[PDB]
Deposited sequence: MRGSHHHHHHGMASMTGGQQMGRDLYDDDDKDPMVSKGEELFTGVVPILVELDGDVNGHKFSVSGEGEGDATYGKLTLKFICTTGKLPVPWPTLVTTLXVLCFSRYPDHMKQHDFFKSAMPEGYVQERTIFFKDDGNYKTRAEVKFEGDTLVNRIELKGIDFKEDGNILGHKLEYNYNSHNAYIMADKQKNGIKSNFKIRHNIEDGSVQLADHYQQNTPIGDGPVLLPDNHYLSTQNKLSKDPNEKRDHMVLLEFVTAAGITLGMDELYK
């Protein structure tokens, strides 16, 4: 659709997150840019209120799937761009195994030339000495595949997927994600055939940044609809 046209070049990104996990209140801001032709995100996130009370890796999925690279042969399955510029609501529940859960509601839309992700996060039932509030997770991120399904009654999409966070004692912390997206505007959107998104994430630090922060380099590519192209060879 015409939402596609908004992503042909590099697009500035602004992320704002208001959080409260077990009563620990915090704000995060992020800035950077996205290049959907390559599925590429480059963002720096800052906790503006002090030390982040949860580990940075647990916020990665919450902190703009419109920047995913949809291959040409899958362009008709790109819901996220089709909802632009008016945007979409993205809601999740994230259950950390043997710990608490996040509930997030975000609006992703253009403000002028800037793609904005505005998020509210509420976390409950965490263990104060667990892996999350105890900052026992490794500062890294595993590659992962997430299936995208159409949700016709809601004119949107759904996704359920698991994130595995590495724990410093050698184990793995499961984070079970349940996601729903719905357009904000009324124009037609692309409802996709079943497919998945392949992600990878590199987390790093800014040596000159005194605030608690995360530098993120992310690549996301849509895949899984293959048979028609395969027959060409």
query: Unmodelled ranges, which are counted on the deposited sequence from position 1 and given in order; finding: 1 to 35, 99, 270
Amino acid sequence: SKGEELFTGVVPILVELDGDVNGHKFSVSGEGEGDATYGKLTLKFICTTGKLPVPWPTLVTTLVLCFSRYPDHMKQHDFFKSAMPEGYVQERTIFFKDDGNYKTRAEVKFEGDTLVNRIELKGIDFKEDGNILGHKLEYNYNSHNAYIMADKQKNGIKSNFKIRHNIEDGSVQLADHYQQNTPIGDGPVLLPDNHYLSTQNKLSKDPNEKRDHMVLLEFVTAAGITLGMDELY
From here on, numbers count along this sequence of modelled residues.
query	finding
Residue stretch of maximal mean CA temperature factor, 196 to 204 vs 165 to 173	165 to 173
Comparing 95 to 103 with 123 to 131, the one whose average Cα B-factor in the PDB entry is higher	123 to 131
Highest recorded Cα temperature factor - choice among 30, 39, 188, 55	188
Candidate residues 144, 109, 158, 81, the one whose C-alpha B factor the record puts highest	144
Modelled-residue ranking by C-alpha temperature factor, third containing residue 61	middle
Where the record places residue 140 (Cα B-factor, split into thirds across the chain)	middle
Relative C-alpha B-factor of residue 89, binned into the chain's lowest, middle or highest third	lowest
Within-chain third of residue 179 by Cα B-factor, per the entry	lowest
Third of the chain's Cα B-factor distribution that residue 116 belongs to, per the entry	lowest
